[PDB]
Structures are given as C-alpha cells and as structure tokens.
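Single-structure report; data block below.
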Amino acid sequence: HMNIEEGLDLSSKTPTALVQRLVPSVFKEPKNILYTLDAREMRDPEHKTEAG
Amino acid sequence: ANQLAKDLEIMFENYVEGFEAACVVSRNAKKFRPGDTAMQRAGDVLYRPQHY
C-alpha cells in the first residue's frame with residue numbers, strides 16, 4: 001500500500017516505505033484417537049471394525 | 001607319549017531322555033472347542049442342556 005503526495009515539487013516529501021508484511025500459517029498439535037483391545041476381546045473382530 | 005590336542009565332542013542335536021508328566025487323565029478326558037468369537041461374546045462361560 002502507498003501514501004498519496006500532493007504538488008509538482010516533492011523534494012520536501014518522504015517517499016513511501018515498502019513494508020513486506022507476512023501472514024503465518026501453522027499446523028496444530030496432531031489430533032489422535034487411542035483405544036486398546038486385550039487378547040480375549042480381539043477374538044471378536046467387530047470391536048476393531050466398529051472402533052475403527 | 002606324543003601329546004595330541006584334546007577336544008569337547010558335544011552332540012547338541014542328541015538329548016538324554018529327561019522327564020515327562022504322564023497326562024493320561026487329560027488324554028482320556030472329553031475334549032471340546034466351543035468357538036472363540038462366541039466364547040468372547042458369551043464372556044468365557046458356556047451352557048449345555050441336561051436331559052428331561
């Protein structure tokens with residue numbers, strides 16, 4: 001973005017400073033789900049299938 | 001005498017007879033495979049009917 005300046009002679013005027021603004025974009029902490037099945041519970045495959 | 005080198009001759013593929021539990025009541029008992037997914041769903045208890 002720029003300043004406007006007025007008149008024909010600008011020798012008294014500060015030129016516009018170019019400012020190279022930057023927008024950050026960042027990952028969150030990863031989101032997870034945890035469950036467990038014991039070696040008895042794993043005998044029924046619907047537990048893994050439905051929990052997945 | 002003429003002082004030959006001695007060696008250890010170990011036959012690692014051959015075993016002395018050792019000891020064994022006879023297992024004969026288990027050998028003569030009835031054996032049953034009730035089904036693993038079903039026993040999990042049943043909570044590791046099974047029922048069978050007696051005669052009228």
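Ordered as shown in the structure tokens, chains take letters A, B, and onward, while each chain numbers its residues from 1 and ligands are numbered from 1 in the order shown.
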
ask   = Any idea what's packed within 10 Å of residue B:39, counting only C-alpha atoms, ignoring anything in its chain fewer than 5 positions away? Could you give it as a list in words?
value = residues 40, 43 and 44 of chain A; 33, 34, 44, 45 and 46 of chain B

Rows by chain and residue number, chain A within 12 Å of chain B, shortest pair, only C-alpha atoms, as a tab-separated table:
```
residue	atom	partner	partner_atom	distance
A:38	CA	B:40	CA	11.1
A:39	CA	B:40	CA	10.0
A:40	CA	B:40	CA	6.5
A:41	CA	B:40	CA	6.5
A:42	CA	B:40	CA	8.5
A:43	CA	B:37	CA	5.0
A:44	CA	B:37	CA	4.8
A:45	CA	B:37	CA	8.0
A:46	CA	B:37	CA	9.8
A:47	CA	B:41	CA	10.7
```

Since we have the selection now, will you write its residues out, keeping N, CA and C atoms, as a CSV table (one decimal), in the first residue's frame?
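Output file part-v8.csv is given in full below:
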```
chain,number,residue,atom,x,y,z
A,38,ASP,N,-7.7,-56.3,24.5
A,38,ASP,CA,-6.9,-57.4,25.0
A,38,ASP,C,-7.0,-58.6,24.1
A,39,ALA,N,-6.2,-59.6,24.4
A,39,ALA,CA,-6.2,-60.8,23.6
A,39,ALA,C,-7.5,-61.7,23.8
A,40,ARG,N,-8.3,-61.5,24.8
A,40,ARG,CA,-9.6,-62.0,24.9
A,40,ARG,C,-10.6,-61.2,24.0
A,41,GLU,N,-10.6,-59.9,24.1
A,41,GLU,CA,-11.5,-59.0,23.4
A,41,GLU,C,-11.3,-59.1,21.9
A,42,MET,N,-10.0,-59.2,21.4
A,42,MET,CA,-9.7,-59.3,20.0
A,42,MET,C,-10.2,-60.6,19.3
A,43,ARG,N,-10.8,-61.6,20.1
A,43,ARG,CA,-11.5,-62.8,19.5
A,43,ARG,C,-12.7,-62.4,18.7
A,44,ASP,N,-13.3,-61.3,19.0
A,44,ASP,CA,-14.5,-60.7,18.3
A,44,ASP,C,-14.0,-59.6,17.3
A,45,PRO,N,-14.0,-59.7,16.0
A,45,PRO,CA,-13.5,-58.8,15.1
A,45,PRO,C,-14.3,-57.5,14.9
A,46,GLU,N,-15.6,-57.5,15.4
A,46,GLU,CA,-16.4,-56.3,15.3
A,46,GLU,C,-15.9,-55.2,16.2
A,47,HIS,N,-15.2,-55.5,17.3
A,47,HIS,CA,-14.6,-54.5,18.2
A,47,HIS,C,-13.7,-53.6,17.4
```

key: Between atom CA of residue A:33 and atom CA of residue A:49 - distance in Å to one decimal   =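 The value is 14.5 Å.
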
task = Would you mind reading off the distance between atom CA of residue B:47 and atom CA of residue A:50, one decimal, in Å?
result =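 So the answer is 28.1 Å.
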
task = For atom CA of residue B:51 and atom CA of residue B:32, quote the distance in Å rounded to one decimal.
result = 19.4 Å

request  = Name the residues in contact with residue A:14 at a cut-off of 12 Å, using only C-alpha atoms, excluding same-chain residues fewer than 5 positions from it; report them as a VMD selection string.
outcome  = chain A and resid 2 to 6

Would you save the residues of that selection, restricted to N, CA and C atoms, as a PDB file, in the first residue's frame?
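Output saved as again.pdb:
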```
ATOM      1  N   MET A   2       0.401   2.349  -0.562  1.00  0.00           N
ATOM      2  CA  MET A   2       1.202   3.553  -0.800  1.00  0.00           C
ATOM      3  C   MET A   2       0.577   4.805  -0.171  1.00  0.00           C
ATOM      4  N   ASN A   3       1.384   5.776   0.268  1.00  0.00           N
ATOM      5  CA  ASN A   3       0.905   7.136   0.551  1.00  0.00           C
ATOM      6  C   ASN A   3       0.651   7.896  -0.756  1.00  0.00           C
ATOM      7  N   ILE A   4      -0.383   8.731  -0.801  1.00  0.00           N
ATOM      8  CA  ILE A   4      -0.512   9.819  -1.783  1.00  0.00           C
ATOM      9  C   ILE A   4       0.300  11.035  -1.319  1.00  0.00           C
ATOM     10  N   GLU A   5       0.959  11.722  -2.247  1.00  0.00           N
ATOM     11  CA  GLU A   5       1.587  13.028  -2.051  1.00  0.00           C
ATOM     12  C   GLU A   5       1.094  14.053  -3.072  1.00  0.00           C
ATOM     13  N   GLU A   6       0.997  15.314  -2.675  1.00  0.00           N
ATOM     14  CA  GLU A   6       0.402  16.389  -3.476  1.00  0.00           C
ATOM     15  C   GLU A   6       1.424  17.422  -3.948  1.00  0.00           C
TER      16      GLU A   6
END
```

Residue nearest residue A:1 - candidates A:37, A:17, A:22, A:51, atoms counted: only C-alpha atoms =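 Answer, going by the shortest atom-to-atom distance: A:17.
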
ask   = So which bits of chain A end up alpha helix (DSSP H) when you DSSP the backbone, as a list in words?
value = residues 46, 47, 48, 49, 50 and 51 of chain A

Take the residues from that selection and write them out as an mmCIF file, in the first residue's frame, keeping C-alpha atoms.
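File produced: part-v5.cif:
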```cif
data_model
loop_
_atom_site.group_PDB
_atom_site.id
_atom_site.type_symbol
_atom_site.label_atom_id
_atom_site.label_comp_id
_atom_site.auth_asym_id
_atom_site.auth_seq_id
_atom_site.Cartn_x
_atom_site.Cartn_y
_atom_site.Cartn_z
ATOM 1 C CA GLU A 46 -16.417 -56.320 15.315
ATOM 2 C CA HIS A 47 -14.648 -54.486 18.183
ATOM 3 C CA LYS A 48 -11.736 -53.424 15.902
ATOM 4 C CA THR A 49 -14.046 -52.820 12.910
ATOM 5 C CA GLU A 50 -16.568 -50.586 14.720
ATOM 6 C CA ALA A 51 -13.907 -48.737 16.780
#
```
